[PDB]
Amino acid sequence: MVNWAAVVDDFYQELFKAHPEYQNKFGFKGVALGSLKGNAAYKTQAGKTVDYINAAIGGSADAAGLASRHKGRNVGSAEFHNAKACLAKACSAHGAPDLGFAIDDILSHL
Ligand code: HEM
């Protein structure tokens, strides 16, 4: 099966490398990027991200609800466009399909 967990790990490496300040909104704020896999807050967040991807592909994802939740953290369209780029890189590095369609669905509610 597609190793979405590995894709997600690379995604966060790309995301926080390009936009380190985004990491301050998370429970693993301040943690060195190279050590995130050993952080409990990160493990939970990564798991939820993997789940969301599998839900988008599976057809059960609630893109409107995820979009609203992000707005509730002052995360909007600009951040998701940046994320779209980081995720494309991560997908490509693992021979996984691009997930732009899934991010676009979230964007349609931002
Ligand atoms: C590919 C793009 C993204 C995906 C698939 C994604 C997915 C998710 C998911 C599934 C959750 C859990 C929501 C829940 O528990 O109901 C979450 C939470 C969150 N996301 Fe994202 N997200 C993305 C982009 C971003 C970006 C660019 C930021 C910028 C800061 C961000 C900030 C947050 C924050 C602060 C939380 C809450 C963390 C917490 O509860 O400790 N997200 N995201």
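Cβ sites come from the backbone with ideal geometry, for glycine too, and all protein chains shown count toward neighbours. We did not get these values from a lab; they are worked out from the coordinates using the rules stated.
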Tally time: how many residues in region 45-81 are more than 13 Å from residue 106 (Cα to Cα), part of a helix (DSSP H, G or I) and either within 8 Å of the ligand (Cβ to nearest atom) or within 12 Å of the chain's Cα centre (by Cα) (or both)? 7
Count of region 86-110 residues which are part of a helix (DSSP H, G or I) and near the ligand (Cβ under 10 Å from one of its atoms): 9
Go through region 52-105 and report how many residues are among the charged types (D, E, K, R) and within 18 Å of residue 13 (Cα to Cα). 4
Identify, please: which residue in region 1-34 is in a helix (DSSP H, G or I), more than 11 Å from the chain's Cα centre (by Cα) and among the polar types (S, T, N, Q) and is, among those, nearest to residue 100 (Cα to Cα)? 23
